[PDB]
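Below, each value reflects all heavy atoms present in this structure, side chains not excepted, and no hydrogens, waters or symmetry copies. We name chains A, B, ... by the order of the sequence lines, and we start the count at 1 in each one.
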Amino acid sequence: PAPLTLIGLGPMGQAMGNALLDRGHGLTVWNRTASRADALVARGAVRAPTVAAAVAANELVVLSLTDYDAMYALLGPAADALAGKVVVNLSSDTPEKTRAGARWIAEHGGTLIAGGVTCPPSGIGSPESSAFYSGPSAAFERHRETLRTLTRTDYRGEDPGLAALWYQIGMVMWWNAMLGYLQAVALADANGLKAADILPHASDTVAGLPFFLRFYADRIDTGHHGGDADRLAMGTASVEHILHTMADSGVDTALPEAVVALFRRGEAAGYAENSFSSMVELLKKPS
Amino acid sequence: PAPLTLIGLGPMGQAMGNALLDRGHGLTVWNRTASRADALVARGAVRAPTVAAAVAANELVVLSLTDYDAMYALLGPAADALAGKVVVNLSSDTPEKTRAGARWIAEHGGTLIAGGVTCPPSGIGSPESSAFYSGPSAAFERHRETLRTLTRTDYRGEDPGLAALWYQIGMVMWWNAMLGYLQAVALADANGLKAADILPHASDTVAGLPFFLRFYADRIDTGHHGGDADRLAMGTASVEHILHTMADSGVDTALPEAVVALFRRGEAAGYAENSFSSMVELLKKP
Ligand SMILES: NC(=O)c1ccc[n+]([C@@H]2O[C@H](COP(=O)([O-])OP(=O)(O)OC[C@H]3O[C@@H](n4cnc5c(N)ncnc54)[C@H](OP(=O)(O)O)[C@@H]3O)[C@@H](O)[C@H]2O)c1
Ligand SMILES: NC(=O)c1ccc[n+]([C@@H]2O[C@H](COP(=O)([O-])OP(=O)(O)OC[C@H]3O[C@@H](n4cnc5c(N)ncnc54)[C@H](OP(=O)(O)O)[C@@H]3O)[C@@H](O)[C@H]2O)c1
């Protein structure tokens, strides 16, 4: 196993450091809050005295930070010593800001590989986990085996904005679903029900969603949103029932209102008799 | 196989009527659009000439209409014939509209059992189909074996609105995830990808949700909102990245702004260093 540097020891960074040590990689770590490296150092990791020494310790530098602005904040002061470094940035950001980070790293002599890890910390090191990757192909294949200690690698191409784009595409569905979980848990609590009580029904509901994703993927791609499978106006009545159920129980309604608002736009565009998938045409319009 | 009356012959009522005839139930049907009963009547179902005759023909009356206002419009003129009837209303609506409907059926001598079917029409009669049920237990227990012809019966309690409540609880996440799929498709199309291209990743995303449902289940229930797996402030940046990715790609941001606004309410309430699950404290009833 190759040696490498890991900067950023939040929930994800902690998990990566433990999985890299599990594999036997000579690991050099650094974190702004130094205390978060203690457990990894006790397991055999080398604590870098500074972030510059961390970068200098290896060719491969992995970052697990909140966003790309934290990269400039951490790597900025000693950016002159980034020449010849391979910076694998596993932080979420937009495709535009991801490209900007790649441009900034190249201008200082390094090369940036963009990554988007699609698993929680407990998923690091497991082969069922995956992560999108885009950036320079040669530098990626040169460090793919080390990156495969963390997750499976899904290389998307040369443009660094690709991995960030793919990460956002899945996360917009994920946050929508999990905020609906909190919304469902809040409704259950107002009626004397726990998250553990609604867990089986909530899990069965989301587990059947792939069948509908497949059924509507083919239909959306033909560009025709016929109301033969479902009628948007019936979806409006359904989400309105959710909203009023929430309000009747005294539960916050901010997100149910936003859902109803989009259906009302679908009806305002004349899509009442078409499938609810027709709203993908409103969603493609700017603003 | 007890006889019963079925009113409401849309796609759901059609499947129930066929499933009942399959098992051998004596079926009286009526629909506002009378031609909808043609296939069921050719199969042996008795067509009632009026809604009054339909209600008077049996003790068990099953409704499969749009909402509970449709029950008032339909049964209102025949409200006298409701005395002694057991109305099993399988239409989806809010718990409160269900409770008002139960009081209305009680005011006219009957008793209402509410049902929340969690399967499409093609699931009716299938063994793995299920429906929530609420209302007076004795009236439900006397007709449970007939209702079990349609789906499995999941009795949830005496409160008539309980069946609708459980239906709504599952539907919050279903619509949130499905609408998010449309958002992902639109973002994908603005960047040269089709729904077929992001379908495998979208399927992985939703199929991995039950792990996160279990992970945050007992944490939310015990009030443990620690930031060992996630900090809310990190999620704020993440949903801000989605929002500006939508904006940069020139697609709609209405729901991404609504998601960002909720996260910022979490920070505003002092939860920035807690897990994102702590936002349930903001969504809860006083
Ligand atoms: N959490 C997840 O489950 C998960 C999974 C996949 C993707 N991601 C992405 O992975 C990244 C890491 O998230 P996370 O949850 O592991 O942790 P996080 O809470 O976002 O923090 C990660 C690290 O960023 C550092 N950091 C943030 N802002 C900084 C700044 N201005 N200057 C210096 N250091 C800064 C923190 O340093 P300190 O230790 O000093 O605070 C911390 O070590 C994010 O981009 C996230 O979207 C999250
Ligand atoms: N279909 C599903 O995927 C599904 C799954 C779960 C449960 N459900 C719930 O099951 C119920 C029925 O589903 P569906 O697809 O059959 O709905 P639908 O197609 O809208 O059927 C509505 C039925 O109610 C009748 N109706 C509506 N308004 C009326 C009024 N004012 N007076 C008299 N009759 C009236 C209609 O009669 P006409 O024929 O004369 O128009 C029709 O028979 C809904 O509440 C739905 O949410 C549906």
| message | If I measure from the heavy atoms of chain A, does B/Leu283 come under 4.5 Å with its side chain, its backbone, both, or neither? | response | both
| field | Proximity breakdown for A/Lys285 and chain B, heavy-atom pairs closer than 4.5 Å | value | backbone
| note | Under 4.5 Å to a heavy atom of chain B? For A/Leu193 that would be side chain
| message | Counting only non-hydrogen atoms closer than 4.5 Å, does B/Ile198 touch chain A with its backbone (N, CA, C, O), its side chain (CB onward), both, or neither? | response | both
| note | On a heavy-atom basis, the closest approach of A/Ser64 and A/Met16 is OG-CE, 3.8 Å
| task | Please flag which part of B/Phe276 lies under 4.5 Å from any non-hydrogen atom of chain A: side chain, backbone, both or neither. | result | both
| said: Taking side chain as everything from C-beta outward and backbone as N, CA, C, O, which of these in B/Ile242 sits under 4.5 Å from a heavy atom of chain A? Side chain, backbone, both or neither. | reply: both
| note | Counting heavy-atom pairs under 4.5 Å with chain A, the top scorer among B/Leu262, B/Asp221, B/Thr245, B/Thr94 is B/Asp221
| field | Toward chain B, the part of A/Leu179 with a non-hydrogen atom under 4.5 Å | value | both
| query | Between A/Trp174 and B/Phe212, does the ring centroid distance fall short of 6.0 Å? | reply | yes
| query | Which bit of B/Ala202 is near chain A, if near means a heavy-atom gap under 4.5 Å: side chain, backbone, both or neither? | reply | both
| remark: Shortest non-hydrogen pair, A/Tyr216 vs A/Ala229, comes out as OH-CB, 4.4 Å
| field | Residues of residues 159-172 of chain B with any heavy atom under 4.5 Å of a heavy atom in chain A | value | B/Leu165, B/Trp166, B/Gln168, B/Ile169, B/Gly170, B/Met171, B/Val172
| Could you give the distance from CZ (B/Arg103) to OG1 (B/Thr98), rounded to the nearest 0.5 Å? | 10.5 Å
| field | Which portion of B/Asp93 sits near chain A, non-hydrogen atoms under 4.5 angstrom | value | both
| field | Polar contact flag, side-chain donor to acceptor under 3.5 angstrom, A/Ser275-A/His225 | value | no
| field | Inter- and intrachain pairs under salt bridge (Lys or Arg N to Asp or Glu O under 4.0 Å), touching residues 249-261 of chain B, at least two apart | value | A/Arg265-B/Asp252
| For B/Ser91 and B/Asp67, does a side-chain donor sit closer than 3.5 Å to a side-chain acceptor? | no
| Atom CZ of B/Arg152: over 12 foreign heavy atoms under 6.0 Å | no
| Option that, when pairs with chain A are counted at under 4.5 Å, heavy atom only, ranks first among B/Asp218, B/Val185, B/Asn191, B/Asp204 | B/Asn191
| Does any donor atom in the side chain of B/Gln183 or A/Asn176 lie under 3.5 Å from an acceptor atom in the other side chain? | yes
| query | For B/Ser130, is it the side chain, the backbone, both or neither that has a heavy atom under 4.5 Å from a heavy atom of chain A? | reply | neither
| said: side-chain contact (heavy atoms from CB on, under 4.5 Å), that's the test. Do A/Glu240 and A/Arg264 meet it? Break it down for me. | reply: CA-CA 10 Å; A/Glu240 257 178 353; A/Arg264 300 235 151 271; 2.3 Å; yes
| query | Which atoms of A/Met246 come close to chain B, meaning under 4.5 Å heavy atom to heavy atom: side chain ones, backbone ones, both, or neither? | reply | side chain
| query | In terms of heavy-atom proximity below 4.5 Å to chain A, should B/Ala237 be classed as side chain, backbone, both, or neither? | reply | side chain
| task | Please report the closest heavy-atom contact between A/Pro120 and A/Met12, naming both atoms and the distance. | result | C-SD, 3.8 Å
| request: Under 4.5 Å heavy-atom distance to chain B, tell me which part of A/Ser238 shows up: side chain, backbone, both or neither. | output: both
| query | For B/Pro256, does its backbone N or O pair with a side-chain atom of B/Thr253 as donor and acceptor, under 3.5 Å? | reply | no
| query | For chain A, which of B/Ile220, B/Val239, B/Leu243, B/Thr118 has the most heavy-atom pairs under 4.5 Å? | reply | B/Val239
| task | Check each atom of A/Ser92 against the heavy atoms of chain B and say whether the ones under 4.5 Å are side chain, backbone, both or neither. | result | both
| query | So does A/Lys284 pair up with B/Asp189, basic N to acidic O under 4.0 Å? | reply | yes
